[PDB]
Every structure is written in structure tokens, then in C-alpha cells.
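Below is a structure I'd like to ask you about.
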Amino acid sequence: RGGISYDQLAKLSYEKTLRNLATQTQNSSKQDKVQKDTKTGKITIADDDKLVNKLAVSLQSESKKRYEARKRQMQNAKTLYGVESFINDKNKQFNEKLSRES
Amino acid sequence: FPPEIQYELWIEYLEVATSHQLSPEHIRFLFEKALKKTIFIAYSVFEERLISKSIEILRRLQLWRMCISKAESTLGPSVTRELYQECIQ
Amino acid sequence: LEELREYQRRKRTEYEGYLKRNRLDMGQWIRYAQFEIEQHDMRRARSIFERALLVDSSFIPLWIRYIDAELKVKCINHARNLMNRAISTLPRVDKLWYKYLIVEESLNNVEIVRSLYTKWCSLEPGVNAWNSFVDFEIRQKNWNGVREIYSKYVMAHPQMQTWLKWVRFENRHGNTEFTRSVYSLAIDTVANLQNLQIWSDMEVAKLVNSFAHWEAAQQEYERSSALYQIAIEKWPXXXXXXXXXXXXXXXXXXXXXXXXXXXXXXXXXXXXXXXXXXXX
Amino acid sequence: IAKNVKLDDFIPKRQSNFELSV
Amino acid sequence: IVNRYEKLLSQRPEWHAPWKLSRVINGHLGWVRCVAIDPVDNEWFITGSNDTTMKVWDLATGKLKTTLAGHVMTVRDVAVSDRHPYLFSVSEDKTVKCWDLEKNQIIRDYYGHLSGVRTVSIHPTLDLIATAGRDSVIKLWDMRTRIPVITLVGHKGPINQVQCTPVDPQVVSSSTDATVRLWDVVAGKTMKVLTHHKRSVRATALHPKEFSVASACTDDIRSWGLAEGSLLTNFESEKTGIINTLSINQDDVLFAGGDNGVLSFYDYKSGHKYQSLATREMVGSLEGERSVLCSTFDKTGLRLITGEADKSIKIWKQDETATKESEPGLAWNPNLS
């Protein structure tokens with residue numbers, strides 16, 4: 001119905017990021033090599049400083065978002081269920097896992 | 001147009017083509033193609049006039065149950081008591 | 001600075017003491033490897049991750065995170081050389097390829113991924129992997145490239161449903177001859193493939209239709225008639241076949257018993273009547 | 001990546017022929 | 001390439017006969033962990049046990065000869081020498097003991113394992129022993145001086161099994177890290193690493209003739225050619241896991257006992273499964289206790305001995321009628337990926 005194997009999931013996330021990237025490109029349109037040494041085989045590739053900073057900012061931003069959304073599930077999670085007796089948070093959390101087991 | 005608009009075509013197409021030739025196998029096949037509720041009733045109305053075959057088709061919701069029972073009564077009373085046992089489930 | 005120094009020192013005593021005891025529990029390594037990142041020292045953090053690859057190199061959350069800390073500060077040829085070591089160690093994986101592919105998208109270099117997918121196809125990975133390669137050249141063009149993609153692609157999955165996407169998209173090129181060229185090759189190759197292969201599933205009612213509707217686009221009366229004869233050959237005014245298709249389907253209806261077969265005898269006899277008269 | 005692994009490595013040798021001589 | 005797979009229907013592998021149950025020997029108070037047979041005369045076999053003993057069973061009549069005490073914990077593995085009148089036993093009590101057969105007493109303890117030792121392999125030509133265990137290393141013992149001469153560092157996890165071969169790689173080892181390593185002992189380093197298994201490798205057997213090795217895992221039984229180390233064949237398996245034991249007959253028959261009780265015979269050359277059985281557990285046992293913890297073929301190769309978790313030894317005999325009247329096995333379908 002159902003679970004998903006770690007392959008299909010990987011693909012889905014790949015597609016998701018493809019779409020997001022394509023949108024950065026379109027909005028950027030709206031607002032508007034290989035060298036190997038002879039001494040050592042060390043390969044070097046020319047880079048644009050832009051889009052690399054944009055990359056780092058994307059990763060950091062998405063990490064922030066994920067961390068925050070999970071945090072909100074943290075908040076609601078504990079405030080919702082007050083039915084059964086509990087000694088500490090960890091107890092309540094475990095018994096909500098027992099709610100997941102049903 | 002597939003099973004949605006196709007029905008909108010198909011109800012008139014059946015009523016008309018049956019009205020035309022009125023050969024068994026061709027029109028039988030046409031209902032076969034067709035089948036993929038009222039279709040069962042047109043088709044059944046055709047078959048009666050093999051009969052048992054039609055009864056098997058109706059065998060194949062309350063109103064539907066009521067009809068089959070009627071046609072079976074038309075084939076004689078004995079089946080109808082039998083029909084109800086099917087009817088309960 | 002001592003308000004700093006003794007902070008860093010006391011942390012490095014606590015984290016190592018735990019990892020000293022538990023070699024496993026990667027949850028601690030990533031945490032402690034993250035601590036040394038936020039101190040803006042890459043040398044220590046790289047050591048930690050490298051120290052944690054020894055314990056288990058099959059744990060992808062560790063591999064992934066150690067791509068992040070390289071990409072976040074933008075150390076390129078490290079996170080580049082790393083991917084040499086990364087996907088040569090665990091070449092089967094899914095996540096590791098896409099995170100190497102998708103990071104090459106944001107670097108705009110399509111020569112890399114061109115050669116990436118070369119190997120990653122050379123490895124014969126599977127369905128979801130190939131589809132990212134065929135659909136990537138939709139972003140690009142390679143209309144002469146994409147045809148050769150499916151050349152190899154149905155060599156990896158010599159199965160009918162993949163041919164369906166060849167015949168699908170090769171029309172979208174806008175060339176009828178290149179598309180037609182392989183249907184005659186679907187005669188030659190598939191038949192030679194399928195008949196000599198007992199039995200890989202190739203000839204199904206869905207392959208014959210692929211020949212059929214093709215000639216409908218070219219509006220051929222004969223080239224459809226060739227198909228039926230050629231197909232019906234190897235299978236296990238103009239309402240003549242209307243009767244033949246109905247009569248065959250009528251007899252084709254199975255009849256177990258006496259009355260069932262006699263009921264079918266009423267059907268096919270009426271079909272024969274309306275339309276080897278002695279053998280029937 | 002390149003020099004580390006090859007497609008053949010995955011594939012078995014005998015599967016093609018059952019008479020291979022070891 | 002598939003043109004060959006078209007021709008791959010031309011082999012039609014090597015018919016073999018079906019196997020049936022000849023005799024069942026009770027008599028062990030624990031499980032039967034391991035079984036070794038007299039390598040010269042096929043007169044009797046030895047049986048490790050959970051209950052710490054070893055019993056020598058008469059092979060012809062199935063009667064009991066003598067019992068050998070001397071370990072305080074279970075006896076995981078046992079080896080009997082071709083060239084010596086020695087029995088080497090090993091236990092979970094960290095000990096490797098020799099047994100001089102003539103007098104039937106302990107002779108030489110071999111010391112210096114850290115923790116339980118689950119495997120013993122006698123080198124064929126050198127008068128060495130190879131043992132390994134949860135310690136994640138192999139120790140090569142001088143049989144005469146009881147010295148741990150060579151220590152082969154390697155697997156990152158507990159070693160399940162150890163084999164010895166006269167030429168290069170002389171030591172084949174299979175651990176729970178899903179790696180079968182091929183060792184070069186004189187340089188003390190690994191010749192080749194075979195990683196293809198998905199999970200722990202719990203059984204390995206050597207072919208008596210062809211000079212190759214079979215390995216096993218949950219669902220997968222592979223083979224490997226030694227020397228080069230290449231993959232050779234695969235063995236067709238539906239989910240049979242867990243594969244505890246492999247044994248290879250002289251006739252290219254390959255037995256794989258399971259933890260589900262299902263015995264699975266193969267054809268070594270092809271990789272085809274020509275039979276499957278299930279043992280009939282015992283009178284008062286549990287369905288959990290139906291399984292196979294060990295196995296061997298005697299030197300003739302016509303009789304299989306497998307000790308089972310129900311505290312019984314079962315001698316599986318090959319049918320004399322056979323041929324193609326009605327043998328036919330599971331009948332060769334080469335499914336595709």
C-alpha cells in the first residue's frame with residue numbers, strides 16, 4: 001500500500017530535487033572543463049563559484065526545514081495524547097509506538 | 001474516450017443497433033465488448049427473445065435481485081424459491 | 001580562548017571515551033564528526049569520518065553525511081575524489097549514484113554525467129536506474145544518442161515492455177523511417193530471439209498490436225494483412241471477419257459437460273447458418 | 001570508479017558452459 | 001550475449017538419482033553439532049554434541065562404540081586426520097584438544113584463543129592445524145610443538161568456517177561479514193577477497209576433485225574457483241534460508257541442509273536443484289527443532305550423515321532403482337533477471 005524499498009525512494013527523491021533545481025533555473029531566467037597534469041595524473045575541473053554557494057545554501061536550507069518539521073511533530077506528538085498514565089516523556093513516546101503497533 | 005464518455009456513446013449505440021438487425025453471434029459479441037448496469041438489462045432483454053444463458057448472465061443491487069427473480073419465475077416457479085437462497089447473501 | 005580551549009578539549013575526552021568503548025553506534029561518530037566541523041576545522045572532521053569508514057563502510061548515512069560536510073564548505077575535488085572511492089566500494093547502491101548525479105547537475109557539467117551513466121549503464125543496474133539515463137537526454141538532446149541508448153537498453157532487458165518505450169519515443173523524434181526500421185528488425189530479431197529462446201516472453205498480443213497500429217498511421221490495407229497472416233502463422237461488403245472473429249470466439253468459449261457443449265452448439269450453428277460446411 | 005570494478009566480475013564463468021575444466 | 005543464453009538450453013545437466021532416508025540413530029542428549037568420518041576405512045564416524053560429549057558410531061550397523069568426554073562446553077567442530085591417528089576436537093570453552101586414537105585419551109591442548117572456537121581444519125600435507133572463532137582471526141598451529149606459528153588477521157567479524165588446500169590459497173575462511181577470504185600464509189596476507197554474499201556466510205565446502213569451493217548464505221549458494229578466485233557457477237535457490245551446512249559428494253552432488261528442515265540436493269556442475277526433502281522431525285519434538293546442523297558424505301559418497309537439532313543422526317541413502325523410470329527432478333527452468 002505501502003512501504004517502499006530504499007531504491008524506489010532514492011529515485012523519487014532524485015526526481016524531486018531535479019524539479020526544484022529546474023525551478024531555480026527558470027526563476028533565474030525570469031530575473032534576467034578537464035585539465036590533467038603531465039607530472040601527475042591529477043585531474044582538475046574548472047568551477048563557477050556561483051551555483052556552488054547556491055548548492056551549499058540549498059543543502060543547509062533543506063536540512064533546516066527537515067529538522068524543523070520533525071521538530072513540530074515532536075511538539076504536537078507529546079501534546080496530543082494524555083489518556084493513559086505515564087511517568088515520563090519516554091514512557092508516553094513508547095506507548096505511542098504501541099499505538100503504531102496496532 | 002474509455003469507460004466514462006464511452007458509456008454516453010454506448011447506451012444510444014446499443015439501443016439503436018439492437019433496433020436495426022434485431023444474427024445472434026454478432027450482437028452477442030457486441031454486448032461482450034460493451035460490458036467492459038443497464039447494459040445487463042438490455043442484453044438480458046435480448047437473450048430472452050438461449051434463455052438459461054441470460055439467467056446465468058443476471059446471475060453473473062436489490063433491484064437487480066428483484067429482476068432476476070422475475071425472469072426466473074417467467075421460466076417457471078421452482079427456481080424462484082432457489083433464487084432467494086442466493087438472494088440472502 | 002580558554003573559555004574555548006577547555007571546551008573543545010573536554011568534549012574530545014567525552015566523545016572519544018564513548019567511541020573508545022563502542023566501536024559501533026555510528027550515531028555517535030556522525031555527531032562527534034559534526035562537532036569538529038562546527039569548530040571550522042576540516043582536518044579533524046575528515047579524520048573522524050575516515051576513522052568511521054573502517055568500522056563499517058556499508059552504512060550509507062555515514063557516506064552521505066561525509067559528502068555534505070565536503071559540499072557545504074565547497075571543497076570540490078575532495079568530494080570529487082571521494083566519489084571515486086565511494087561508488088567503487090559499494091557499486092550496487094542506488095542512493096550513492098543519484099547523490100553523485102544530482103550534485104553534478106547543480107555543477108552544470110553534463111560531460112561528467114555523460115560518462116557517469118556510461119559506467120552506471122555498463123554495470124547493468126536495472127529499471128529505475130536506466131530510466132534516469134533515458135529521461136536525462138530529454139533534458140539534453142542527443143537524439144542520435146538516445147536511439148543508441150535504447151540500443152544497449154533492450155540488451156540489458158531483452159523484454160517486450162521495454163521495446164514499448166522504444167517504439168513510443170522514436171515516433172516523438174519525428175522520424176518514421178528510423179522507427180519503422182526496427183519493426184522489420186522486430187520481425188527478424190525478436191523471432192530469432194524468442195523462437196531460439198525457450199521461452200523468454202516476447203510474442204504477446206501486445207507485440208502484434210505494435211505492428212498493427214503502426215500501419216494505421218501509414219494507412220496501409222496490405223501491410224496490416226501481412227501482419228495477421230505473419231502473426232496467425234506463428235500463433236499457438238467487408239463484414240466477413242466479423243463472422244470469423246465471432247464464430248472463433250464462440251467455439252473458443254470452453255464447455256465442460258454435456259449441456260454446456262450443447263448450448264455452445266446452438267451458438268456456433270446459428271453463427272455458421274447466418275454466415276468446411278461438412279466438417280462443421 | 002573506473003579502475004576498481006568491471007562488469008564481468010559480477011558475472012559467473014560456468015553458467016554459460018557446464019563443461020568448464022577446473 | 002543472449003544468443004548464448006539461447007544455446008544455454010543445450011546443456012540439459014547431468015541427471016542424478018534421488019535420496020531417501022535409510023536409518024535414524026538416536027542417542028545424543030543434546031543437539032548434534034558436528035560430524036566427521038574416518039578418512040581411510042569408512043568404518044565409523046564421530047559426532048560433536050551440545051551435551052559436551054563425542055560419540056563414535058559404528059557406520060555399518062549404526063551401533064555405538066565408545067563415548068569420548070573431555071570438554072566442559074559444546075563441541076562445535078571435529079576433524080580426523082588422514083595421515084595421523086589423531087582426532088582434533090574444538091569447543092566453545094576456548095580449547096583445541098588433540099585425541100590420540102590408539103589409546104583414546106587427550107594428548108595435546110592448544111592454547112591461546114581469546115574466545116570460543118567454532119572451526120578446525122587440518123592442513124593436508126604440512127602437519128598443521130587451522131582453527132578460528134569469535135576472535136575474528138585464524139591461528140595456524142604447529143601440530144608437534146603446539147605453537148601458534150601464524151596468525152592471519154582479516155575478517156572484521158566472527159569466523160564461521162575454515163578449510164585447507166595444498167597449493168595456494170592454503171586457507172579459505174568464511175566469516176559473518178559476508179566475505180570469503182583466500183589466504184597466502186607465507187606472506188600472512190589475503191590473496192583475494194570474495195564479497196559477493198549478501199549476509200553472513202555460515203557454510204563452506206571443498207570439492208573433492210575439481211579444486212573449487214562452495215559457499216553459502218541465506219538465500220544464496222555460490223561456488224568459487226580457487227587460484228584466480230573467480231565466481232564459476234551459481235546455485236538456483238528459492239528462499240531456503242538459512243543454509244547451515246554444505247557437503248559435496250564425489251559425484252558432483254551438493255547437499256545443503258537448512259534451518260527449516262528442508263534438505264536440498266543440487267548438481268555441482270550446473271547449479272540445478274534436483275530434489276528437495278523435509279525430515280520428519282521426531283515423536284515429541286517441536287516444529288522449531290526440525291533442522292540440520294551438519295552433514296557429510298562418507299568416502300564412497302553414496303551415504304549422507306546429517307545430525308539434526310532433534311538429537312538424532314540420520315543416514316540418508318541413495319536409491320538403487322532410480323534412472324528415469326520416475327526420477328525426474330525439479331526439471332530445469334532457467335528463469336531470468
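Think of each number as a place in line: the chain as shown, counted from 1.
Cβ coordinates come from backbone N, Cα and C, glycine included.
The repeat 'HAT 1' annotation in Swiss-Prot covers C:6-38. Look at Swiss-Prot and you will find C:40-72 tagged as repeat 'HAT 2'. Annotation comment: Swiss-Prot describes C:74-106 as repeat 'HAT 3'. Swiss-Prot lists C:108-139 with the feature repeat 'HAT 4'. What Swiss-Prot lists as repeat 'HAT 5' is C:141-172. Feature annotation from Swiss-Prot assigns repeat 'HAT 6' to C:174-208.
Each of these features: where is it, how hidden is it, and who are its neighbours?
Among residues of the same chain six or more beyond the repeat 'HAT 1' (C:6-38), those with a C-beta under 8 A of the stretch's C-beta atoms are 44-45, 48-49, 51-52, 55-56, 59, 61-62, 65-66, 69.
A Cβ distance under 8 Å defines the sequence-distant neighbours of the repeat 'HAT 2' (C:40-72), meaning residues of its chain 6+ beyond its ends; these are 23-24, 26, 29-30, 32-34, 78-79, 82-83, 86, 89-90, 93, 95-96, 99, 103.
Nonlocal intrachain contacts for the repeat 'HAT 3' (C:74-106), taken as residues 6+ away from its ends with a CB within less than 8 angstroms of a stretch CB, comprise 42, 46, 57-58, 60, 63-64, 66-67, 112-113, 116-117, 120, 123, 125, 128-129, 132.
For the repeat 'HAT 4' (C:108-139), the list of distant contacts is 91-92, 94, 97-98, 100-101, 145-146, 149-150, 152-153, 156-157, 165, 169: same-chain residues at least six beyond its ends, Cβ to Cβ under 8 Å.
Counting residues per DSSP class in helix, strand and coil order gives 27 helix, 0 strand, 5 coil for the repeat 'HAT 5' (C:141-172).
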Summarise the repeat 'HAT 2' (C:40-72) as counts of helix, strand and coil residues per DSSP.
27 helix, 0 strand, 6 coil
